[PDB]
Amino acid sequence: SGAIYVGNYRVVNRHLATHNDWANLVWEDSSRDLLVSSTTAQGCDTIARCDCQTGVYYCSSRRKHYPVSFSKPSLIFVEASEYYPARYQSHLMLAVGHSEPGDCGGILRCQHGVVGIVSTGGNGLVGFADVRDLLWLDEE
Ligand SMILES: Cn1nc(C(=O)N[C@H]2C[C@H]2CO)c2ccccc21
Ligand SMILES: [Zn+2]
(Lines give C-alpha, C1' and ligand atoms only; values in the text may rest on other atoms or scores of the structure.)
(Ligands and ions follow the chains in the order given, each with its own letter.)
Protein backbone atom coordinates (compact mmCIF):
# COMPACT_ATOMS: atom_id res chain seq x y z
CA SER A 1 0.00 0.00 0.00
CA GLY A 2 0.97 3.68 -0.37
CA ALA A 3 0.12 6.91 -2.19
CA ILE A 4 1.73 10.24 -3.29
CA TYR A 5 -0.12 13.24 -1.75
CA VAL A 6 0.63 16.39 -3.87
CA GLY A 7 -1.68 19.44 -3.72
CA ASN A 8 -5.27 18.14 -3.95
CA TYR A 9 -4.29 14.85 -5.59
CA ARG A 10 -3.79 11.32 -4.24
CA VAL A 11 -1.74 9.15 -6.67
CA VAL A 12 -2.17 5.38 -6.09
CA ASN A 13 -1.58 2.10 -8.01
CA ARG A 14 -4.73 1.67 -10.21
CA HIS A 15 -5.03 -1.99 -9.07
CA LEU A 16 -5.22 -0.84 -5.40
CA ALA A 17 -7.72 2.04 -5.85
CA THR A 18 -10.63 2.04 -3.38
CA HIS A 19 -14.35 2.72 -4.10
CA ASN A 20 -13.76 6.26 -2.70
CA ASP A 21 -10.87 6.79 -5.23
CA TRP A 22 -13.16 5.73 -8.12
CA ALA A 23 -16.01 8.00 -6.83
CA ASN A 24 -13.59 11.04 -6.86
CA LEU A 25 -11.71 10.11 -10.04
CA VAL A 26 -9.40 12.67 -11.64
CA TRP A 27 -7.40 10.48 -14.09
CA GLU A 28 -6.56 6.77 -14.59
CA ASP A 29 -4.37 4.76 -17.00
CA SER A 30 -4.38 0.92 -16.91
CA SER A 31 -1.30 0.71 -19.18
CA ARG A 32 0.61 2.71 -16.47
CA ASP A 33 -1.01 1.10 -13.34
CA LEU A 34 -1.87 4.66 -12.14
CA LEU A 35 -4.99 6.33 -10.76
CA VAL A 36 -5.32 9.86 -9.39
CA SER A 37 -8.20 10.98 -7.17
CA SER A 38 -9.04 14.38 -5.61
CA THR A 39 -8.47 15.20 -1.91
CA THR A 40 -9.90 17.66 0.67
CA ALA A 41 -6.66 18.51 2.50
CA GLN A 42 -3.45 19.57 0.74
CA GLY A 43 -0.54 17.14 0.37
CA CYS A 44 3.12 17.57 1.40
CA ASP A 45 4.93 15.59 -1.34
CA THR A 46 6.68 17.34 -4.28
CA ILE A 47 7.11 15.72 -7.75
CA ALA A 48 10.63 15.42 -9.14
CA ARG A 49 11.06 17.18 -12.51
CA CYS A 50 14.44 15.69 -13.59
CA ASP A 51 16.13 12.76 -15.38
CA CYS A 52 17.65 11.02 -12.34
CA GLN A 53 18.47 7.32 -12.74
CA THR A 54 19.52 6.88 -9.00
CA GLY A 55 17.26 7.25 -6.00
CA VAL A 56 15.85 5.59 -2.89
CA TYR A 57 12.66 3.48 -2.56
CA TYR A 58 10.52 2.39 0.43
CA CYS A 59 10.12 -1.40 0.87
CA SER A 60 7.33 -2.11 3.41
CA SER A 61 8.18 -5.91 3.55
CA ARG A 62 11.55 -4.82 5.10
CA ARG A 63 10.57 -1.47 6.78
CA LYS A 64 13.67 -0.07 5.00
CA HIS A 65 14.50 2.53 2.33
CA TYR A 66 17.01 1.22 -0.25
CA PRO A 67 19.28 3.17 -2.61
CA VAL A 68 18.86 1.96 -6.22
CA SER A 69 19.99 2.62 -9.81
CA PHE A 70 16.92 2.42 -12.11
CA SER A 71 16.33 2.32 -15.91
CA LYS A 72 14.71 5.16 -17.96
CA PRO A 73 10.82 4.90 -18.11
CA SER A 74 9.89 2.44 -20.92
CA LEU A 75 7.33 -0.04 -22.33
CA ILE A 76 8.13 -3.41 -20.58
CA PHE A 77 6.40 -6.83 -20.73
CA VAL A 78 4.73 -7.65 -17.39
CA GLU A 79 3.45 -11.20 -16.60
CA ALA A 80 -0.22 -12.05 -15.90
CA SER A 81 -1.29 -11.35 -12.32
CA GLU A 82 -4.54 -11.36 -10.25
CA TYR A 83 -4.88 -7.65 -11.33
CA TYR A 84 -3.86 -7.64 -15.05
CA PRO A 85 -3.50 -9.97 -18.06
CA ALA A 86 0.13 -10.51 -19.37
CA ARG A 87 0.56 -7.14 -21.16
CA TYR A 88 3.11 -4.34 -21.82
CA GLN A 89 3.19 -1.69 -19.03
CA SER A 90 4.22 1.81 -20.11
CA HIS A 91 6.35 4.43 -18.27
CA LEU A 92 7.87 1.57 -16.14
CA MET A 93 11.44 1.77 -14.66
CA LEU A 94 13.39 -1.29 -13.35
CA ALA A 95 15.87 -1.69 -10.46
CA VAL A 96 17.54 -4.62 -8.67
CA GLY A 97 15.87 -4.89 -5.29
CA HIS A 98 13.58 -6.69 -2.90
CA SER A 99 9.83 -6.46 -3.25
CA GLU A 100 6.60 -8.41 -2.62
CA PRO A 101 3.05 -7.62 -4.00
CA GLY A 102 2.10 -5.57 -0.88
CA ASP A 103 5.15 -3.30 -1.46
CA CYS A 104 3.13 -1.60 -4.27
CA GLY A 105 2.69 2.07 -3.48
CA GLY A 106 6.11 2.58 -1.88
CA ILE A 107 7.67 5.88 -3.04
CA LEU A 108 10.85 6.08 -5.18
CA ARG A 109 12.50 9.51 -4.67
CA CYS A 110 15.61 11.47 -5.62
CA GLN A 111 17.15 14.84 -4.58
CA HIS A 112 14.36 16.60 -6.69
CA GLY A 113 11.37 14.88 -5.08
CA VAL A 114 9.03 11.97 -5.73
CA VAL A 115 9.90 10.02 -8.97
CA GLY A 116 7.31 7.21 -8.89
CA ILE A 117 5.72 4.32 -6.93
CA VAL A 118 6.37 0.51 -6.73
CA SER A 119 4.11 -1.22 -9.33
CA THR A 120 5.79 -4.52 -10.40
CA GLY A 121 8.42 -7.02 -9.26
CA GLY A 122 9.64 -10.50 -8.51
CA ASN A 123 12.90 -12.49 -8.53
CA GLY A 124 15.14 -9.70 -7.25
CA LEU A 125 13.65 -6.97 -9.55
CA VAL A 126 11.37 -4.05 -8.53
CA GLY A 127 9.46 -1.88 -11.12
CA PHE A 128 8.24 1.66 -10.51
CA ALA A 129 5.47 3.61 -12.26
CA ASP A 130 7.10 6.97 -13.25
CA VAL A 131 5.04 10.16 -12.52
CA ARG A 132 7.62 12.90 -13.52
CA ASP A 133 6.02 13.56 -16.96
CA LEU A 134 2.58 14.34 -15.32
CA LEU A 135 3.17 18.08 -15.17
CA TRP A 136 -0.46 18.77 -14.12
CA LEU A 137 0.09 17.25 -10.64
CA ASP A 138 1.72 20.66 -9.66
CA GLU A 139 -1.18 22.93 -10.69
CA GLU A 140 -5.05 23.37 -10.61
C1 LIG B 1 6.23 -5.18 -6.12
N2 LIG B 1 5.47 -6.27 -6.71
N3 LIG B 1 4.26 -6.02 -7.34
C4 LIG B 1 3.83 -7.20 -7.78
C5 LIG B 1 2.50 -7.39 -8.48
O6 LIG B 1 2.10 -8.52 -8.73
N7 LIG B 1 1.82 -6.28 -8.84
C8 LIG B 1 0.49 -6.40 -9.45
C9 LIG B 1 -0.14 -5.18 -10.03
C10 LIG B 1 0.34 -6.27 -10.93
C11 LIG B 1 1.54 -6.04 -11.82
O12 LIG B 1 2.30 -7.22 -12.02
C13 LIG B 1 4.76 -8.26 -7.41
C14 LIG B 1 4.79 -9.65 -7.51
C15 LIG B 1 5.84 -10.35 -6.94
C16 LIG B 1 6.89 -9.67 -6.30
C17 LIG B 1 6.88 -8.29 -6.21
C18 LIG B 1 5.80 -7.60 -6.75
ZN1 LIG C 1 16.04 13.91 -9.64
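Residues numbered from 1 in each chain as written, not as in the entry; some residues may be left out. Chains lettered and ligands numbered in written order. Heavy atoms only, no water.

- Regarding how it was determined, this PDB entry cites X-ray crystallography in its header, along with a resolution of 1.559 Å.

Side note on the overall build of the protein chain
(1) Moving on: Assigned secondary structure in the protein chain consists of 1 helix and 10 strands.
(2) Moving on: Listed by position from the N terminus, the elements making up the protein chain come as β-α-β-β-β-β-β-β-β-β-β.
(3) Moving on: A compact globule built from 140 residues would reach a C-alpha radius of gyration of about 14 Å, and the protein chain, at 14 Å, matches this within 12%.
(4) Moving on: Expressed along its principal axes, the backbone C-alpha trace of the protein chain runs to roughly 40 × 35 × 30 Å.
(5) Moving on: For the protein chain, with 140 residues in total, the buried portion stands at 42%.
(6) Moving on: For the protein chain, the share of sequence-separated contacts (at least 6 apart) that also reach a separation of at least 24 residues comes to 57%.
(7) Moving on: Here the protein chain has roughly 7400 Å² of accessible surface; of this, 52% comes from carbon and sulfur atoms.
(8) Moving on: When the 11 positive and 15 negative side-chain charges of the protein chain are each reduced to one mean point, those points stand 7 Å apart. (Helix = DSSP H or I, 4+ residues; strand = E, 2+ residues; numbered from the N terminus. Rg over C-alpha atoms; globule rule 2.2 N^0.38 Å. Buried < 20%, exposed > 50% of the residue type's maximum accessible area, 1.4 Å probe, protein only. Contact = heavy atoms within 4.5 Å. Areas by Shrake-Rupley, 256 points an atom, 1.4 Å probe, with all protein chains shown as cover. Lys, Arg positive; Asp, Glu negative; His and termini not counted. Charge placed at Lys NZ, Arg CZ, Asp CG, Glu CD.)

Re the pattern of salt bridges
(1) Moving on: Counting across every chain of the model gives 6 salt bridges.
(2) Moving on: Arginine 32 is the partner of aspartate 133 in a salt bridge, and the nearest nitrogen-oxygen pair spans 2.8 Å. Here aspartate 133, found in the segment after β10 (125-130), pairs with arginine 32, found in the loop between β2 (25-29) and β3 (34-44); they are 101 residues apart in sequence, far enough to count as distant.
(3) Moving on: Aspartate 133 sits in the partly exposed class, given a relative accessible area of 36%.
(4) Moving on: Measuring nitrogen to oxygen at the nearest pair gives 2.9 Å for the salt bridge that ties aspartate 138 to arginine 49. (Salt bridge = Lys/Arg side-chain N within 4 Å of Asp/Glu carboxyl O.)

Description of the coordination of the zinc ion (ligand 2)
(1) Moving on: Surrounding the zinc ion (ligand 2) are the protein donor atoms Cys50 (SG), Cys52 (SG), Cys110 (SG) and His112 (ND1), which sit 2.1 to 2.5 Å from the metal.
(2) Moving on: Classification of the site at the zinc ion (ligand 2) as tetrahedral follows from its 4 donor atoms and the range of 101 to 118 degrees in their angles at the metal.
(3) Moving on: We note that the donor set of the zinc ion (ligand 2) lies within a single chain, spaced as C-x1-C-x57-C-x1-H. In this pair, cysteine 52 is assigned in the loop between β3 and β4 (54-59) and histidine 112 in the loop between β8 (107-110) and β9 (113-121), connecting sequence segments 60 residues apart. (Donors = N, O, S within 2.8 Å, 3.2 Å for Na, K, Ca; no water. Tetrahedral: all angles 85-135°; square planar, octahedral: opposite > 155°, others 65-115°.)

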